[PDB]
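Working through the structure, step by step
What follows is each chain in one-letter form.
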Amino acid sequence: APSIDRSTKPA
Amino acid sequence: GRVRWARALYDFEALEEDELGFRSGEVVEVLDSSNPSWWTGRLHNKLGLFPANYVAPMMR
């Protein structure tokens, strides 16, 4: 189950 | 090679508005895979960010 964090969005 | 596509094996993790959501067995054209997790791409004609961890590119 791949877990992605939005706290590292393109910035 | 140069990975620049988003093929969703599962649903989409796009919870934001500036993002993009795909579905199972879908092909997406990535515009910017530069990033350690979230890359900016677009599905068909919709532009938005996607989880590079949830889905993987497709070298064709």
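In its metadata, the entry names solution NMR as the structure determination method.

What follows deals with the overall build of chain B. When you go through chain B residue by residue, the secondary structure sums to zero helices and four strands. In summary, chain B has a C-alpha radius of gyration of 10 Å against a globular reference of 10 Å for 60 residues, a match within 12%. A total of 60 residues make up chain B; the buried ones form 35% of that total. Sequence-distant contacts in chain B: of pairs separated by 6 or more residues, those separated by 24 or more amount to 41%. When the accessible surface of chain B is summed, it comes to about 3900 Å², and 45% of that surface belongs to carbon and sulfur atoms. In chain B, which carries 7 positive and 9 negative side-chain charges, the distance between the mean positions of the two groups comes to 12 Å.

On to the pairing of strand β3 (residues 38-43) of chain B. All names here are of chain B. Looking at chain direction, strand β2 (residues 26-32) and β3 are connected through three bridges and run antiparallel. By the bridge assignment for β3, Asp 32 is matched with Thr 40. Remark: five residues form the turn of the hairpin made by β2 and β3, two consecutive strands paired antiparallel; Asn 35 in that turn has positive phi of roughly 160°. Here β3 pairs with strand β4 (residues 46-51) via six bridges, running antiparallel. Each residue of the ladder has a partner; that of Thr 40, found in β4, is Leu 49.

On to the side chain of B:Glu19. Note on placement: B:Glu19 falls in the loop between β1 (5-8) and β2. Although B:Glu19 lies buried, it forms no salt bridge, and the closest oppositely charged side chain, A:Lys9, sits 4.2 Å away as judged by the N-O distance. Among the polar contacts listed, one links the side chain of B:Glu19 to the backbone nitrogen of B:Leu15, at a separation of 2.9 Å. Dropping the residues within four chain positions of it, B:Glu19 is found in contact with A:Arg6, A:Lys9, B:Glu13, B:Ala14, B:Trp38, B:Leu47, B:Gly48 and B:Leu49.

Criteria and cut-off values
- Residues numbered from 1 in each chain as written, not as in the entry; some residues may be left out.
- Chains lettered and ligands numbered in written order.
- Heavy atoms only, no water.
- Helix = DSSP H or I, 4+ residues; strand = E, 2+ residues; numbered from the N terminus.
- Rg over C-alpha atoms; globule rule 2.2 N^0.38 Å.
- Buried < 20%, exposed > 50% of the residue type's maximum accessible area, 1.4 Å probe, protein only.
- Contact = heavy atoms within 4.5 Å.
- Areas by Shrake-Rupley, 256 points an atom, 1.4 Å probe, with all protein chains shown as cover.
- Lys, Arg positive; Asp, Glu negative; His and termini not counted.
- Charge placed at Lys NZ, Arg CZ, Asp CG, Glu CD.
- Pairing = 2+ DSSP bridges.
- Salt bridge = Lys/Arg side-chain N within 4 Å of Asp/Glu carboxyl O.
- Polar contact = N/O pair within 3.5 Å; in protein donor to acceptor, adjacent residues only side chain to side chain.

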